[PDB]
Amino acid sequence: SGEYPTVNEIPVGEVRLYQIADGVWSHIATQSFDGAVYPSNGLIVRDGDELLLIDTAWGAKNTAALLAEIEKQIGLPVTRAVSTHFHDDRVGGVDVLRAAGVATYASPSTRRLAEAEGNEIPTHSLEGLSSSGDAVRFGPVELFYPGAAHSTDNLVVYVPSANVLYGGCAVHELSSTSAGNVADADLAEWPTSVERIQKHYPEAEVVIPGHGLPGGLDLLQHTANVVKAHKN
Ligand SMILES: C[C@@H](c1cccc2c(-c3ccc(CS(C)(=O)=O)c(F)c3)c(C(=O)O)[nH]c12)n1cc(CCC2(N)CC2)oc1=O
Ligand SMILES: [Zn+2]
Ligand SMILES: [Zn+2]
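Bear in mind the residue numbers are our own, running from 1 along each chain as written, so they may not match the entry, and residues with no coordinates are left out. To label them, take the chains in the order written and letter them from A, then take the ligands in the order written and number them from 1. No hydrogens and no water enter the side-chain calculation; it runs on all heavy atoms of the structure.

The record lists X-ray crystallography as the method behind this PDB entry and 1.30 Å as its resolution.

Right under this line is the structure:
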């Protein structure tokens, strides 16, 4: 009823939207993995009379439910989606999107890693993001490659109209006690990559992590802190 929805508030298979700013929503879904249930976030950005989606809802059924929730709450068509790295919480559901008329995009590195790992593969490659500090425009957002962090391919998304920074899985929520799923992470480079984000987006007003509650710029420093302590 107004607060950001939490893992225990969302059954696996339902999706909720949360209004972040004018023309900006997050999407929240839950999924089971190795016998535990986790929430995960994505983003929706109004693009005139169309919508840009950032990340799937972590699975085919969750992503179908996401499209239904968008039609109920917003009523504009999703025409493009970007996946911010290759894991299933970002690309799982790309096949559902592709069958619902959505053009799916990711960096070449994400596409190669998704294919090698057996995950769903976005159709279109996003060039111009291969060196850390690179940024490109994509409709109403900027895409930014900060360097290796949670994964070597992770991208960040900024909505300049609203000063919303979507960190994806490179950014953790304030309550986090470790660096999440570090299976594909570079703990040594991650603080440097977060510092690049901090330097590039000093006017961010909302920061959204890949999992958990949005907050402000403090999420970036907290992420650096928990990553350094995890490595140690
Ligand atoms: C889907 C994702 C995934 C599945 C299940 C859980 C997660 C988390 C996560 C865990 C704990 C917390 C609480 S916390 C920060 O307080 O610890 C959190 F916020 C996020 C994150 C993340 O951290 O992005 N990803 C998750 N996945 C799966 C793999 C396997 C890769 C591989 N080569 C095959 C071995 O690698 C991933 O990433
Ligand atoms: Zn991941
Ligand atoms: Zn993640």
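1. A word on the coordination of the zinc ion (ligand 3)
Just so we agree on the cut-off: Donor atoms (N, O, S) are those found within 2.8 Å of the metal centre, with the cutoff raised to 3.2 Å for Na, K and Ca; water is not part of the atom list, so apparent gaps in a site can occur. In these descriptions, tetrahedral denotes four donors with every angle between 85 and 135 degrees, square planar four donors and octahedral six donors with opposite donors over 155 degrees apart and the rest between 65 and 115, and irregular any other case. What counts as a helix is a DSSP run of H or I of at least four residues, what counts as a strand is a run of E of at least two, and both are numbered from the N terminus.
For the zinc ion (ligand 3), the full set of protein donor atoms is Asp89 (OD), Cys169 (SG) and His211 (NE2), at a range of 2.1 to 2.4 Å. The coordination sphere of the zinc ion (ligand 3) comprises four donor atoms, whose angles at the metal cover 82 to 159°; the geometry is irregular. One chain supplies every donor to the zinc ion (ligand 3), and in sequence these donors are spaced D-x79-C-x41-H. Between the zinc ion (ligand 3) and the zinc ion (ligand 2) there is a metal-metal distance of 3.5 Å. Placement of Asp89 in helix α2 (residues 88-91) and of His211 in the loop between β12 (206-209) and α6 (218-231) is noted, with a sequence separation of 122 residues between them.

2. Looking at the pairing of strand β3 (residues 36-47)
The side chains of a regular strand alternate between both faces of the sheet. We count it as follows: When DSSP locates at least two bridges between a pair of strands, those strands are taken to pair.
Across 10 bridges, strand β2 (residues 24-33) lies against β3 in antiparallel orientation. Bridge assignment links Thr30 to a residue of β3, and that residue is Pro39. Turn length for the β2-β3 hairpin, with the two strands adjacent in sequence and antiparallel, is two residues, and the turn residue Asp34 shows positive phi of about 50°. When β3 meets strand β4 (residues 50-54), the two strands line up antiparallel, connected through five bridges. Paired with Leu43 across the bridge in β4 is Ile54.

3. Remarks on the coordination of the zinc ion (ligand 2)
Coordination of the zinc ion (ligand 2) by the protein comes from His85 (NE2), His87 (ND1) and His150 (NE2), over a distance range of 2.0 to 2.1 Å. Between consecutive donors of the zinc ion (ligand 2), the numbers of intervening residues give the motif H-x1-H-x62-H.

4. Describing the sheet that holds β12
Our working definition: To obtain each axis, a line is fitted to C-alpha atoms, and for helices this fit is confined to the stretch in contact; angles are then taken between N-to-C directions over 0 to 180 degrees. In this description, contact between two residues means that some pair of their heavy atoms is separated by no more than 4.5 Å.
Sheet architecture is open: five strands sit in the order β8-β9-β10-β11-β12, paired in mixed fashion. Of all the strands in the sheet, just β8 (135-138) and β12 have a single pairing partner and so form its edges. Here the average twist between neighbouring strands, direction ignored, is 20°. Judged from the three bridges that link them, strand β10 (residues 156-159) and strand β11 (residues 164-168) form a sheet pairing that is antiparallel. Across the sheet, the residue bridging to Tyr158 is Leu165, located in β11. Contacts from helix α5 (residues 190-200) reach β8, β9 (141-144), β10 and β11 within the one sheet, and its direction differs from that of β9 by about 150°.

5. Brief notes about the pattern of salt bridges
Where we set the bar: Salt bridges are identified by distance alone: a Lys or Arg side-chain nitrogen within 4 Å of an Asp or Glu carboxyl oxygen. Note on exposure labels: buried denotes an accessible area under 20% of the residue type's maximum, exposed denotes more than 50%, and partly exposed covers the range between, all computed with a 1.4 Å probe on protein chains only.
Applying the stated criterion to the full structure yields six salt bridges. Taking the shortest distance from any N to any O, the salt bridge between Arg90 and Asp55 comes out at 3.0 Å. One end of the pair, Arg90, is in helix α2; the other, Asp55, is in the loop between β4 and α1 (60-73), and 35 residues separate them in sequence. Judged by its relative accessible area of 1%, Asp55 is buried.

6. Observations concerning the site of ligand 1
As a reminder of what qualifies: Residues are labelled near a given molecule or strand when at least one of their non-hydrogen atoms is within 4 Å of it. Polar contact is defined as a pair of N or O atoms within 3.5 Å, subject to the rule that within protein one atom must be able to donate a hydrogen and the other to accept it, and that residues adjacent in sequence are counted only when both atoms are side-chain atoms. The Shrake-Rupley method, run with a 1.4 Å probe, gives the accessible areas here. Residue values count only the displayed protein chains as cover. Under the convention adopted here, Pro, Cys and the residues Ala, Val, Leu, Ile, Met, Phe, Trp and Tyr are nonpolar, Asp, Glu, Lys and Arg are charged, and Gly plus all remaining residues are polar.
Taken together, the neighbourhood of ligand 1 is formed by 17 residues, with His87, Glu117, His150, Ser178 and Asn181 sitting nearest. A distance of 3.4 Å separates an oxygen atom of ligand 1 from a polar side-chain atom of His150. Within the side chain of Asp184, a nitrogen or oxygen atom sits 3.0 Å from a nitrogen atom of ligand 1. Coverage of ligand 1 by the protein chains reaches 78% of its 780 Å² of free accessible surface. Grouping the constituent residues of the shell around ligand 1 by class yields five nonpolar, nine polar and three charged.

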